[PDB]
Every structure is written in C-alpha cells, then in structure tokens.
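The residues making up each chain are set out below.
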Amino acid sequence: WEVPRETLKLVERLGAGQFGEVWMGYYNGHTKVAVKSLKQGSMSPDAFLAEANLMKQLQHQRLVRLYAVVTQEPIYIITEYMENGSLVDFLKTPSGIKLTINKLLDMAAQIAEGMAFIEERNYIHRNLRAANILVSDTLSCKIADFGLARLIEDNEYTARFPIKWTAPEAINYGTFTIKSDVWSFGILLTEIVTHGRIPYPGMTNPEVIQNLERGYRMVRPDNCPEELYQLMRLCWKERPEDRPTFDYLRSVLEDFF
Ligand SMILES: c1ccc(Nc2nccc(-c3c[nH]nc3-c3ccccc3)n2)cc1
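Positions are assigned from 1 on a per-chain basis following the written sequence, which can diverge from the numbering of the entry; residues without coordinates are not listed. Side-chain metrics in this entry use all non-hydrogen atoms of the structure; hydrogen atoms and water are not considered. Residues with missing side-chain atoms are left out of burial classes, side-chain pairs and their counts.

X-ray crystallography is the method the PDB entry lists for this structure, together with a resolution of 1.72 Å.

In structure tokens, the structure reads:
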C-alpha cells in the first residue's frame, strides 16, 4: 500500500479545498489515477488515512478502490481516475442533463448495490449524498468516503454545514445507523431525478430542521415516476425500523423497468 512518491506524477489539479487537493496523475507511468493530498495541519495524518484503511476493509465493484498511499508529507491517498468526477456535478453537465430515466435508475441501482454490501458487512456510510458518488466514462458509479468517524463537507477538497441528507434521529440525538443512510439515500434519489438539484429547494438548513420537526416531506419531483416517489417516502419513514433495507432498494431499482 505504501509507495514511493516517485511512482506518481501529478498532472492536473481537479480541485482544492479547506483540507487539501485532488489531482489527476499517473501511477507507474501508465495507470491513470486520482490523488487526494492532505493540507498539513487540517487534521492528523492518522485521521486522514483512516479513509484509506476503510477502502482496504471494504472492497467491492461499487466502492472506490485504494491503489496506494504516500505516508510522508504531503500525505496522499490514491485511487482509480473516474472520468466524470462527482455525480452531483456530472448530473448538471450537458451529457448528464440528457440522461434518460432508465439510465438514471440504473445508476441509482448501482449505488443501492454498493450500500447493500456495506449493510451486509455491518458498516455504515454516514456521508451518503450525490457529491460522494463518483462516475466513470461508462457511467458506472462508485461510492466514496464511506465508513468515516466524521461528517464531511463538500468544500474540503474542491471549491463550492450539510444537514439536508440527515435523518431526524441523527439531527436530534446523534443516532447514526444504516437506517439513517437509507434516509440519506431517499434524498440522493431526489438529486438523481432532478439533474442534481439541491434538496428542499428554497429552504435554508434551519428551515429544513423546523420543517422536519413538523413531519415535513418533499413532494414528488417533476421528472419522477410515482413508484419511485413511493420508494423515497419509505426511505423517509419517521421510525428507522419502517425504512427498507438496501437489499430491498437494490432489488426494486434493478427491476424497475
Ligand atoms: C473532475 C473530473 C474527474 C474527477 N475524477 C476523480 N476520480 C477519482 C476520485 C476523485 C475524487 C474527487 N473527490 N475525491 C476524490 C478522491 C480522490 C482520491 C481518493 C478518494 C477520493 N475524482 C474529479 C473531478
């Protein structure tokens, strides 16, 4: 896993944020990679590399894979280069806006599959949203930034607090489980079918929290099949035990058409 820095050549900066940068580069001369680097002092090396350790423990076709790390400063985590970057950005592009509902739900099904593996293995995501899904040249989706002890912000490694994906039990008591991820996934489905639109459009974060106290749920988005809306509503059941498993979500999305 540890590799010498000279095995890597960083070519182009993909983003810069509060805690570091992400670069496209090449590994061993030919393998196109993305390189996340830690801005010194943001957090400790061990806190940063925790993401890498989690990638090792959970390997799956729908999960971002660890290629290597560089443990001397600047610290690097290295993965496969994904041509289309973050799902939330890709959905807003010319190509993303033209995707059919069939293709959007195939992508949703891939995300549910990855989440079904995380559930099966008794882990949680905690940061599940379109921003933390990566998309390949063939439109295959991979889950990033899973299993962390901490809640991340989207401006840490690119230019841009997130509560619009957080289940009520997590807001009120800090209770995070796979069922709070199921909640987050329902919100992610709204991102998918609205070509990347922000949830709860024209509410601020405090207004969302006030509305959730009163049991508020988003209406059916314009581009949204009724059956897909009823799946979102199941994701957003107040009691976590009433929310479906990821196993179930995967099966319904895979067989949707
Ligand atoms: C624009 C166009 C393409 C890409 N490609 C890409 N490919 C793989 C990963 C990433 C990326 C974006 N944010 N964080 C990462 C990331 C980088 C290394 C390890 C773990 C996550 N990013 C990113 C931005």
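That covers the picture; the talk isn't over yet.
Trainee: What exactly am I supposed to notice about the environment of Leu-8 here?
Mentor: Counting through the fold element by element, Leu-8 comes out in strand β1 (residues 8–17). C-alpha separation for the pair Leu-8 and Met-24, spaced 16 residues apart in sequence, amounts to 10 Å. If sequence neighbours within four positions are ignored, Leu-8 has contacts with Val-3, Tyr-26, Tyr-27, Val-33, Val-70, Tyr-76 and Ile-78. Each helix is a run of DSSP H or I of at least 4 residues and each strand a run of E of at least 2, with the numbering of both proceeding from the N terminus. Contacts are residue-level and defined by heavy atoms, with any inter-residue pair within 4.5 Å sufficient.

Trainee: So what exactly am I meant to see when it comes to the sheet that holds strand β3 (residues 31–38) here?
Mentor: The strands that make up a sheet are held in pairs by hydrogen bonds between backbone atoms, and each pair lies either parallel or antiparallel. Ordered in space as β1-β2-β3-β5-β4, the five strands form an open sheet in which the pairing is antiparallel. One side of each edge strand has no neighbouring strand; the edge strands of this open sheet are β1 and β4 (66–70). Across this sheet, the average inter-strand angle for adjacent strands is 25 degrees, counted without regard to direction. Strands are labelled as partners when DSSP assigns at least two bridges between them. Pairing between strand β2 (residues 20–27) and β3: eight bridges, direction antiparallel. Pairing of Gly-20 across the sheet is with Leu-38, part of β3. Axes here refer to lines fitted to C-alpha atoms; in helices the fit is confined to the stretch in contact. Angles between the N-to-C directions go from 0 to 180 degrees. Across the sheet, helix α1 (residues 45–57) lies against β3, β4 and β5 (76–80), angled at about 25 degrees from β5, the strand it touches most.

Trainee: Whenever I open this one, the site of the ligand confuses me. Can you help?
Mentor: Around the ligand lies a shell of 13 residues, among which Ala-34, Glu-51, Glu-80, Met-82 and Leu-134 are the nearest. Between the ligand and the protein, one listed contact pairs a nitrogen atom with a backbone N or O atom of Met-82 at 2.9 Å. Against a free-state accessible area of 510 Å², the protein chains account for coverage of 81% of the ligand. Elements with a minimum of two residues in the shell around the ligand: β3 and β5. Examining the composition of the shell around the ligand, we find that three residues originate from one element, β5, more than from any other. Think of it as three bins: nonpolar holds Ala, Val, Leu, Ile, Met, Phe, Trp, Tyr, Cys and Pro, charged holds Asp, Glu, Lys and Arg, and polar takes everything else, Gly as well. Residues belonging to the shell around the ligand are distributed by class as follows: seven nonpolar, two polar and four charged. A single heavy atom is enough: if one lies within 4 Å of a molecule or strand, its residue is considered near that molecule or strand. Any N or O atom pair separated by 3.5 Å or less is treated as a polar contact, with the protein-specific requirement of one donor-capable and one acceptor-capable atom, and with residues adjacent in sequence counted only for side-chain atom pairs. The method behind every accessible area is Shrake-Rupley, applied with a 1.4 Å probe, and residues are considered shielded solely by the protein chains displayed.

Trainee: Would you explain the domain arrangement of the protein in this entry?
Mentor: Domain parsing of the protein yields domain 1 (1–83) and domain 2 (84–257). Computed over C-alpha atoms, the centres of domain 1 and domain 2 are 25 Å apart. Tallying the contact residues gives 27 residues for domain 1 and 28 residues for domain 2. Those elements that provide at least two residues to the side of domain 1 that touches domain 2 are β1, β2, β3 and α1. Looking at the side of domain 1 that touches domain 2, the element that brings in the most residues is α1, giving five residues. Taken together, the residues that form the side of domain 1 that touches domain 2 break down as twelve nonpolar, nine polar and six charged. For the domain bounds, the source is a domain assignment made automatically or taken from a database.

Trainee: Teacher, can you tell me more about the pairing of β3 here?
Mentor: Within a regular strand, the side chains alternate between the two sheet faces. The element β3 is largely enclosed, with a buried count of seven among its eight residues. The pairing of β3 with β5 spans five bridges and is antiparallel. Paired with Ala-34 across the two strands is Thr-79, which belongs to β5. Accessible area is worked out with a 1.4 Å probe on protein chains only. A residue is then buried under 20% of its type maximum, exposed over 50%, and partly exposed in between.

Trainee: How do you make sense of unusual backbone geometry when you look at a structure like this?
Mentor: Negative phi values dominate among residues other than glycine, just as trans dominates among peptide bonds. In this structure, the amide linkage connecting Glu-73 to the following residue, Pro-74, adopts the cis form with an omega of -5 degrees. Mapped onto the elements of the fold, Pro-74 is located in the loop between β4 and β5. The backbone of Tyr-200 sits at a positive phi, close to 50 degrees, despite the residue not being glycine. By secondary structure assignment, the location of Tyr-200 is in the loop between α6 (178–193) and α7 (205–213).

Trainee: Quick question: what am I supposed to make of the packing of aromatic side chains here?
Mentor: Note on aromatic pairs: each is described by the distance of the centres and the angle between the planes. Stacked, edge-to-face and tilted are the three classes for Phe, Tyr and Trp ring pairs, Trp counted by its six-membered ring, which pair at centre distances within 6.5 Å; planes under 30 degrees apart are stacked, over 60 edge-to-face, the rest tilted. Tallying each qualifying case throughout the model produces five aromatic pairs. Here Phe-256 and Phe-257 contribute two aromatic rings whose centre-to-centre distance is 5.1 Å and whose plane-to-plane angle is 75 degrees, an arrangement assigned as edge-to-face. Remark: a charge is flagged as sitting over a ring if the NZ atom of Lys or the CZ atom of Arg is within 6 Å of the ring centre and within 35 degrees of the ring normal. The ring of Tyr-76 has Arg-5 sitting right over it, with the charged end atom 4.7 Å from the ring centre. Against the face of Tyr-157 rests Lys-36, its NZ or CZ located 4.6 Å from the ring centre.

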